[PDB]
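# Structure at a glance
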Amino acid sequence: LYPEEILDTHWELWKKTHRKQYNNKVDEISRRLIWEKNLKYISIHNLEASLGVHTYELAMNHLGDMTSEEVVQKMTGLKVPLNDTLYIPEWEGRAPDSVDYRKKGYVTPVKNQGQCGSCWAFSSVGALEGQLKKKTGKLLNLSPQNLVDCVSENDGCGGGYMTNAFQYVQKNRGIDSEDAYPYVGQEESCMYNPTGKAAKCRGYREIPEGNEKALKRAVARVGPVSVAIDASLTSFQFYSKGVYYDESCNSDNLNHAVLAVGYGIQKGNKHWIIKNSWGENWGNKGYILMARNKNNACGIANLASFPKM
Amino acid sequence: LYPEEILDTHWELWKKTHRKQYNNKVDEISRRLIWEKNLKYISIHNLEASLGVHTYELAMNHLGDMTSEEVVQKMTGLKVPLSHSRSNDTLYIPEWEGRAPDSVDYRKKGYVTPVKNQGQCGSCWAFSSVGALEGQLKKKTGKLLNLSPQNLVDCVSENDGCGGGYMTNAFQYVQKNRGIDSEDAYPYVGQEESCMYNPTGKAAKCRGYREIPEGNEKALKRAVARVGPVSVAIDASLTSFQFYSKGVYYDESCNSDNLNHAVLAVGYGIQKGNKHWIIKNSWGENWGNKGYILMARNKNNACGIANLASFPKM
């Protein structure tokens, strides 16, 4: 096809705004055509939204010139795996109608992986940081690169699971801090340095498969929990605000690792407050509210786990 | 030209959602083409917004199938005089003393009435006047009543009814009439009729009016802070305004000298670093943010916001 002459000035602005560069002008045109196709999806989606069709709206972000598949390919990293770990929570303790660890100082700044399937690393690091604060009272930026370069059971930027990350930290008797082992985004030879140790782990616990109720209690009593979801949809790729819910979200197509930092209600829609790894320039300042209690949307309660420390 | 076959299902949904009906198929097509042209404006505007170009976003509303001009034609009603007054009358608020609140929102203080809808009648002046009066009725008697704009439409002879008018004349009328009916005593019908002001249903009176210094936002702020809701005139001829959804409205194309709408300033504050006036519109709550719109405050008198401000003295 041909680019829409109207959006010329816009494409240039978008490229500038996101440090987007293209090797060949051919390469560029091809991208420009994807960006434009997406813009249409976004614009028409928002129309349906105003017509009461969706509980959320979309927006053009830094993933504008990428197809959903490319995003799932280059920007996820969850590898589904194949007794003493369960945590079927009891009912009595606490069941606050709403919880938001961002306010309690348990959550660290939204970070950005990008071009490396290290989401598992970030989710693990996310849960650990929540516990570090809950225990020591200090909120530190732990090192995901440490996990990427050292969790041998995981394929580094090729992907992996959170459990293995937890187990590693335990058997390694420690995990570095972001400062002691900065995220470079690429796979490297393990360089875990004892000096920069900043947290430890004494096991892990898994939330009953597909049990949102159990997951709620878990988030309420333990704190932030690592969860896996299906992020293969364009609606998710361009989420801007609102309660995310898409019937096309396959519960069995888990491919992303995010951090559940709380839950609540918004305009009559129950939801989980999720923290993503694609920088704060995506979603609502880095976060996304996902439909809670809606038949386990996107497999939200399928691979939940949190470190025991 | 020519409706993109994609939006077919959508156009039908939109029409349903807004009880939109058309006589001819021809008439309908013509409208469908306007709706689509607007949708594009909206969608591309929001793109620029995400790119940091606008401090606000747009959305498809019930005015979707209307051009800006039609909206300004059938849905405003502010009509500047060309030669205002038959002399003066001490009309001019002279500021105050002390420091002023950084934020004020009369909606919370129970001074504001439900967002109403004029539509297809240039009675905005009526609504703005009634808006300010209601603010004072409460401030004085402690009661919040729905006053009658239809009363103003049908009786303010100096104004052209649904053909338009100014707020001042509305105030003066109520004074010389020694009263104004309540919405219940004189329901807004939307059409011009023979005056039927009934004394029995009187609900408020007015003892004059005061005008805020032309183009003085500082003075206007104090006014809103000390007196309460103030009647103001703005330039509502832009599509960005026609489809405002949320955020601080600010458009460089807003002509300070093209005042054509009468709204009610019910407060002010800051939002995400942008100072703003909280404005109340007359196009129902199905427009703007539940009927309201935040307009850029202290930004070189945006849209002439401080050009024709006034409030009743009662």
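The rules we used
Residues numbered from 1 in each chain as written, not as in the entry; some residues may be left out. Chains lettered and ligands numbered in written order. Heavy atoms only, no water. Residues with missing side-chain atoms left out of burial classes, pairs and counts. Helix = DSSP H or I, 4+ residues; strand = E, 2+ residues; numbered from the N terminus. Rg over C-alpha atoms; globule rule 2.2 N^0.38 Å. Contact = heavy atoms within 4.5 Å. UniProt positions renumbered as here; feature names shortened; annotations may be inferred. Buried < 20%, exposed > 50% of the residue type's maximum accessible area, 1.4 Å probe, protein only. Polar contact = N/O pair within 3.5 Å; in protein donor to acceptor, adjacent residues only side chain to side chain. Disulfide = S-S within 2.5 Å. Axes fitted to C-alpha atoms, helices over the stretch in contact; angles between N-to-C directions. Parallel < 35°, antiparallel > 145°, perpendicular 65-115°, else oblique. Nonpolar A, V, L, I, M, F, W, Y, C, P; charged D, E, K, R; others polar. Buried area = accessible area lost by both parts, 1.4 Å probe. Salt bridge = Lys/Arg side-chain N within 4 Å of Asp/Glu carboxyl O.

### Looking at the overall build of chain B
From N to C terminus, chain B includes eight helices and 11 strands. Relative to the 2.2 N^0.38 estimate, which gives 20 Å for 314 residues, the radius of gyration of chain B is 20 Å and therefore close to what a compact globule would have. Along the three orthogonal principal directions, the C-alpha set of chain B runs to about 60 × 45 × 35 Å. Relative to all contacts within chain B whose residues are 6 or more apart in sequence, the contacts with residues 24 or more apart total 74%.

### Focus on the UniProt feature "active site" in chain A
Residues and elements named next belong to chain A. In the numbering adopted here, UniProt assigns the feature "active site" to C119, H256 and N276. Of the residues just listed, which span 158 residues, no C-alpha pair is farther apart than 9.3 Å, and they cluster in one region. Tracing the backbone shows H256 in strand β8 (residues 256-266). A residue is classified by how much of its surface remains accessible, and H256, at 0% relative accessible area, is buried. Here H256 is in contact with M75, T76, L78, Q113, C119, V227, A228, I229, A231, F236, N276 and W278, once residues within four sequence places are set aside. Position of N276 relative to the elements: it lies in the loop between β9 (269-275) and β10 (287-291). Excluding its chain neighbours within four sequence positions, the residues that come into contact with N276 are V110, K111, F236, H256, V258, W282 and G286. Within the structure, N276 has its side chain in polar contact with the side chain of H256 (distance 2.8 Å).

### A few points about the environment of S240 of chain A
Residues and elements named next belong to chain A. Position of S240 among the secondary structure elements: in strand β7 (residues 239-244). Look at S240 and you get buried, because its relative accessible area is 15%. C-alpha separation for the pair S240 and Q186, spaced 54 residues apart in sequence, amounts to 28 Å. For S240, the residues in contact, after removing those within four places along its chain, are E57, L58, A59, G283 and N284. Here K241 takes part through its side chain, which lies 3.5 Å from a polar atom of the side chain of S240.

### Thoughts on the state of the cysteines
Residue and element names in this part refer to chain B. Summed over the entire model, instances satisfying the criterion amount to six disulfides over all chains. In this model, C155 is linked to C195 through a disulfide, with the two sulfur atoms separated by 2.0 Å. Taking the sign of the S-S torsion, about 90° here, the bridge from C155 to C195 comes out right-handed. Of the two residues, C155 is situated in helix α5 (residues 149-155) and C195 in the loop between β3 (180-181) and β4 (202-204); the sequence distance between them amounts to 40 residues. Regarding the disulfides, chain B carries the connectivity 1-3, 2-4, 5-6 under sequence-order numbering of its bonded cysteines.

### Thoughts on the side chain of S124 of chain A
By the secondary structure assignment, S124 of chain A is in helix α4 (residues 119-136). Apart from the residues lying within four places of it in its own chain, the contact partners of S124 of chain A are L147, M162, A165, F166 and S226 of chain A.

### Details of the packing of helix α1 (residues 8-17) of chain B against helix α2 (residues 25-50) of chain B
Residues and elements named next belong to chain B. The geometry of α1 relative to α2 is characterised by a closest axis approach of 12 Å and an angle of 100° between their N-to-C directions. Of the possible angle classes, the one that applies to α1 and α2 is roughly perpendicular. In this structure, α1 contributes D8, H10, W11, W14 and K15 to the contact, and α2 contributes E28, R31, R32 and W35. Within the contact of α1 with α2, the residues separate by chemical class into three nonpolar, one polar and five charged.

### Section: the UniProt feature "disulfide bond" in chain B
Residues and elements named next belong to chain B. Of the disulfides listed in UniProt, the one joining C121 and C162 is reproduced in the coordinates: its sulfurs are separated by 2.0 Å, less than 2.5 Å. Of this pair, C121 sits in the loop between β2 (104-105) and α4 (124-141) while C162 sits in the loop between α5 and α6 (167-177), and the two are 41 residues apart along the sequence. You'll find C121 and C162 in the same group, each marked buried. A separation of 2.0 Å between the sulfurs of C254 and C303 falls under 2.5 Å, matching the UniProt disulfide annotation for this pair. Taken together, the residues span a long stretch of sequence, with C254 in the loop between β7 (244-249) and β8 (261-271) and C303 in the loop between β10 (292-296) and β11 (310-312) at a distance of 49 residues. Each member of the pair, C254 as well as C303, carries the same accessibility label: buried.

### Some details on the interface of chain A and chain B
Facing the 19 residues of chain A at the interface are 17 residues of chain B. Taken together, the two surfaces of chain A and chain B that pack against each other cover about 1,500 Å², and 77% of this comes from carbon and sulfur. The largest contributions to the chain A side of the interface with chain B come from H10, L47 and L51 of chain A, which together make up 37% of the buried area. Linking chain A to chain B there are two salt bridges. In this structure, the salt-bridge partner of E57 of chain B is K241 of chain A, at a minimum N-O distance of 3.8 Å. Here chain A is connected to chain B by zero residue pairs in polar contact. Secondary structure elements with two or more residues in the side of chain A that touches chain B: α1 (8-17) and α2 (25-50) of chain A.

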